[PDB]
$ cat run_15.txt   # compact mmCIF, C-alpha atoms
# COMPACT_ATOMS: atom_id res chain seq x y z
CA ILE A 19 -36.06 -56.30 -29.58
CA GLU A 20 -32.85 -56.74 -31.57
CA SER A 21 -35.30 -58.00 -34.18
CA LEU A 22 -37.08 -54.64 -34.20
CA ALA A 23 -33.76 -52.79 -34.42
CA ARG A 24 -32.59 -54.86 -37.40
CA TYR A 25 -35.93 -54.13 -39.06
CA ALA A 26 -35.52 -50.39 -38.45
CA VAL A 27 -32.03 -50.41 -39.98
CA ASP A 28 -33.23 -52.55 -42.92
CA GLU A 29 -36.10 -50.11 -43.55
CA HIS A 30 -33.81 -47.08 -43.38
CA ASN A 31 -31.37 -48.69 -45.80
CA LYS A 32 -34.24 -49.75 -48.07
CA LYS A 33 -35.70 -46.23 -48.00
CA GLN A 34 -32.64 -43.99 -48.36
CA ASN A 35 -30.24 -46.25 -50.31
CA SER A 36 -27.91 -46.68 -47.33
CA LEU A 37 -25.71 -49.53 -46.16
CA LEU A 38 -25.75 -49.15 -42.39
CA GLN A 39 -24.56 -52.38 -40.79
CA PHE A 40 -26.48 -53.04 -37.59
CA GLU A 41 -24.15 -53.61 -34.63
CA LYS A 42 -26.09 -53.75 -31.34
CA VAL A 43 -28.95 -52.19 -29.42
CA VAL A 44 -27.68 -49.92 -26.66
CA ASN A 45 -30.93 -48.59 -25.16
CA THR A 46 -34.67 -49.13 -25.55
CA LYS A 47 -37.61 -47.13 -24.23
CA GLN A 48 -41.18 -47.98 -25.04
CA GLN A 49 -44.54 -46.25 -24.68
CA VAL A 50 -47.98 -47.78 -25.04
CA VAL A 51 -50.12 -45.33 -27.00
CA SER A 52 -53.81 -45.06 -27.75
CA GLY A 53 -55.84 -42.41 -29.52
CA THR A 54 -58.18 -41.83 -32.42
CA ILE A 55 -57.37 -41.34 -36.10
CA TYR A 56 -59.85 -39.14 -37.93
CA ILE A 57 -59.98 -39.47 -41.69
CA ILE A 58 -61.86 -36.26 -42.59
CA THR A 59 -63.11 -35.66 -46.14
CA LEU A 60 -63.73 -31.95 -46.59
CA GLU A 61 -64.41 -29.32 -49.22
CA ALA A 62 -62.13 -26.32 -49.29
CA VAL A 63 -61.76 -23.51 -51.81
CA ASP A 64 -58.37 -23.14 -53.47
CA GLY A 65 -58.13 -19.86 -55.34
CA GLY A 66 -61.80 -19.98 -56.27
CA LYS A 67 -62.01 -23.66 -57.23
CA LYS A 68 -63.85 -25.74 -54.65
CA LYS A 69 -61.87 -28.97 -54.25
CA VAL A 70 -62.12 -32.06 -52.03
CA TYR A 71 -59.40 -33.11 -49.61
CA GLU A 72 -58.74 -35.98 -47.22
CA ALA A 73 -57.04 -35.12 -43.90
CA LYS A 74 -55.71 -37.64 -41.38
CA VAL A 75 -55.72 -36.27 -37.83
CA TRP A 76 -54.26 -38.20 -34.92
CA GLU A 77 -55.68 -37.20 -31.53
CA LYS A 78 -54.45 -38.37 -28.11
CA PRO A 79 -56.98 -36.77 -25.76
CA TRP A 80 -55.49 -38.35 -22.63
CA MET A 81 -52.53 -35.97 -23.13
CA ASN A 82 -54.47 -33.11 -24.80
CA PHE A 83 -52.66 -33.61 -28.10
CA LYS A 84 -53.48 -33.72 -31.81
CA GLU A 85 -51.52 -33.47 -35.03
CA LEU A 86 -52.11 -33.52 -38.79
CA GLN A 87 -50.69 -36.73 -40.20
CA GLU A 88 -51.76 -36.60 -43.85
CA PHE A 89 -53.42 -34.05 -46.13
CA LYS A 90 -54.16 -34.92 -49.75
CA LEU A 91 -56.29 -33.61 -52.61
CA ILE A 92 -59.05 -35.98 -53.69
CA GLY A 93 -60.37 -34.00 -56.66
CA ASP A 94 -62.78 -31.29 -57.70
CA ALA A 95 -66.06 -30.74 -55.94
CA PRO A 96 -69.16 -30.87 -58.19
CA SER A 97 -70.21 -27.66 -59.87
CA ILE B 19 -65.51 -32.44 -35.79
CA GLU B 20 -65.68 -29.35 -37.98
CA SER B 21 -63.20 -28.06 -35.41
CA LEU B 22 -60.78 -30.86 -36.28
CA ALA B 23 -61.24 -30.20 -40.00
CA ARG B 24 -60.52 -26.49 -39.64
CA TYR B 25 -57.40 -27.41 -37.67
CA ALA B 26 -56.26 -29.79 -40.41
CA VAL B 27 -56.71 -27.11 -43.08
CA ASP B 28 -54.98 -24.50 -40.89
CA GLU B 29 -52.04 -26.87 -40.36
CA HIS B 30 -51.76 -27.66 -44.07
CA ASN B 31 -51.82 -23.97 -44.93
CA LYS B 32 -49.31 -23.23 -42.16
CA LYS B 33 -47.02 -26.01 -43.38
CA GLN B 34 -47.07 -25.62 -47.17
CA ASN B 35 -47.78 -21.88 -47.56
CA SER B 36 -51.29 -22.48 -48.91
CA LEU B 37 -54.53 -20.54 -48.65
CA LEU B 38 -57.16 -23.26 -48.72
CA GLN B 39 -60.44 -21.87 -47.43
CA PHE B 40 -62.30 -24.51 -45.44
CA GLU B 41 -65.85 -25.01 -46.70
CA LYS B 42 -67.51 -28.02 -45.02
CA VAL B 43 -66.91 -31.55 -43.83
CA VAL B 44 -68.48 -34.09 -46.17
CA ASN B 45 -67.49 -37.40 -44.56
CA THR B 46 -65.75 -38.61 -41.40
CA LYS B 47 -64.45 -42.05 -40.46
CA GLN B 48 -62.62 -42.73 -37.24
CA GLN B 49 -60.54 -45.57 -35.85
CA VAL B 50 -59.43 -46.08 -32.26
CA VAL B 51 -55.81 -47.24 -32.34
CA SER B 52 -53.45 -48.66 -29.77
CA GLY B 53 -49.93 -50.01 -30.06
CA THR B 54 -46.40 -49.55 -28.79
CA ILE B 55 -43.77 -47.03 -29.86
CA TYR B 56 -40.22 -48.29 -29.50
CA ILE B 57 -37.48 -45.69 -29.34
CA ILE B 58 -34.43 -47.86 -30.07
CA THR B 59 -30.90 -46.47 -29.66
CA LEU B 60 -28.51 -48.63 -31.65
CA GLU B 61 -24.97 -48.75 -32.97
CA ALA B 62 -24.52 -49.37 -36.66
CA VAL B 63 -21.46 -49.17 -38.88
CA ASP B 64 -21.58 -46.67 -41.74
CA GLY B 65 -18.71 -47.25 -44.15
CA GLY B 66 -16.40 -48.31 -41.35
CA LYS B 67 -17.34 -45.64 -38.80
CA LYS B 68 -19.44 -47.00 -35.95
CA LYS B 69 -22.18 -44.44 -35.29
CA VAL B 70 -25.20 -44.22 -32.99
CA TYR B 71 -28.76 -43.90 -34.26
CA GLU B 72 -32.23 -43.49 -32.78
CA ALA B 73 -35.09 -45.37 -34.49
CA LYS B 74 -38.79 -44.91 -33.74
CA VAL B 75 -40.81 -48.06 -34.50
CA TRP B 76 -44.57 -48.16 -34.22
CA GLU B 77 -46.00 -51.65 -33.68
CA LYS B 78 -49.69 -52.63 -33.71
CA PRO B 79 -49.54 -56.32 -32.77
CA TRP B 80 -53.33 -56.74 -32.73
CA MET B 81 -53.16 -56.39 -36.54
CA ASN B 82 -49.66 -57.88 -37.03
CA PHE B 83 -48.24 -54.56 -38.18
CA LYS B 84 -45.13 -52.44 -37.63
CA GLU B 85 -43.48 -49.53 -39.40
CA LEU B 86 -40.41 -47.31 -39.06
CA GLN B 87 -41.53 -43.83 -38.07
CA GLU B 88 -38.23 -42.02 -37.49
CA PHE B 89 -34.55 -42.79 -38.00
CA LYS B 90 -31.90 -40.25 -37.01
CA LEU B 91 -28.17 -40.15 -36.38
CA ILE B 92 -27.23 -39.38 -32.78
CA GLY B 93 -23.45 -39.20 -33.21
CA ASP B 94 -20.28 -41.25 -33.22
CA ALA B 95 -19.84 -44.29 -31.04
CA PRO B 96 -16.80 -44.22 -28.71
CA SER B 97 -13.53 -45.48 -30.10
$ encode --input "run_15.txt" --output "structure tokens"
Amino acid sequence: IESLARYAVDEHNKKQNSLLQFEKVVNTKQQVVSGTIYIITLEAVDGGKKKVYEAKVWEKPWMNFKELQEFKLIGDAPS
Amino acid sequence: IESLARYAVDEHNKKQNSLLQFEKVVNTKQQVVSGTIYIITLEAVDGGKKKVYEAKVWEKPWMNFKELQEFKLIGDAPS
């Protein structure tokens, strides 16, 4: 687990140009999670131009939960 | 599934002050995912001050994968 903590600190430093020096783990909780990712390609109209988007939705139905993880423009729809 | 797509577009609009008008789903892929979230509380030294951080690590060992999901300062460590 200390291995996972050192990784987390490494990643944070790598990502935000930090220099946190890992000392010790003081507490760990862990949850096993399942669910379904939906990668939905959809057309939507943006101020009159029909465009194509990809949305990543994470759904955990065993706890009645969902959330939008990613939303990105793919390009224009054909016309 | 159209329900999930309308949700995704609603959330994107809600989050980035957009007005995308959902038209239709054109393609859906879905993946069932499991794994373990680790919420690791750790001490690390930031320029000489020992502080306390909470890191959220998602691990999917069935595909030899992990990633840092959140990293936040909790406060100072006791001195």
$ atom_distance --input "run_15.txt" --atom1 "CA of residue 46 (chain A)" --atom2 "CA of residue 87 (chain B)"
15.2 Å
$ closest_atom_pairs --input "run_15.txt" --of "chain B" --to "region 59-82 of chain A" --cutoff "6 Å" --atoms "all atoms listed in the file" --output "CSV"
residue,atom,partner,partner_atom,distance
B:38,CA,A:64,CA,4.9
B:39,CA,A:63,CA,4.9
B:40,CA,A:62,CA,4.3
B:41,CA,A:62,CA,4.7
B:42,CA,A:61,CA,5.4
B:43,CA,A:60,CA,4.2
B:44,CA,A:60,CA,5.2
B:45,CA,A:59,CA,5.0
$ write_last_selection --input "run_15.txt" --atoms "C-alpha atoms" --output "CSV table (one decimal), keeping the file's coordinate frame"
chain,number,residue,atom,x,y,z
B,38,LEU,CA,-57.2,-23.3,-48.7
B,39,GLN,CA,-60.4,-21.9,-47.4
B,40,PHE,CA,-62.3,-24.5,-45.4
B,41,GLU,CA,-65.8,-25.0,-46.7
B,42,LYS,CA,-67.5,-28.0,-45.0
B,43,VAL,CA,-66.9,-31.6,-43.8
B,44,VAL,CA,-68.5,-34.1,-46.2
B,45,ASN,CA,-67.5,-37.4,-44.6
$ axis_aligned_box --input "run_15.txt" --around "region 64-77 of chain B" --padding-each-side "6 Å" --output "AutoDock Vina command-line options"
--center_x -31.2 --center_y -47.6 --center_z -38.5 --size_x 41.6 --size_y 20.2 --size_z 23.4
$ atom_distance --input "run_15.txt" --atom1 "CA of residue 85 (chain B)" --atom2 "CA of residue 89 (chain A)"
19.6 Å
$ atom_distance --input "run_15.txt" --atom1 "CA of residue 20 (chain B)" --atom2 "CA of residue 58 (chain A)"
9.1 Å
$ closest_residue --input "run_15.txt" --among "A:24, A:88, A:97, A:51" --to "chain B" --atoms "all atoms listed in the file"
A:51
$ closest_residue --input "run_15.txt" --among "B:25, B:31, B:36, B:54" --to "chain A" --atoms "all atoms listed in the file"
B:54
$ closest_residue --input "run_15.txt" --among "B:52, B:27, B:22, B:90" --to "chain A" --atoms "all atoms listed in the file"
B:52
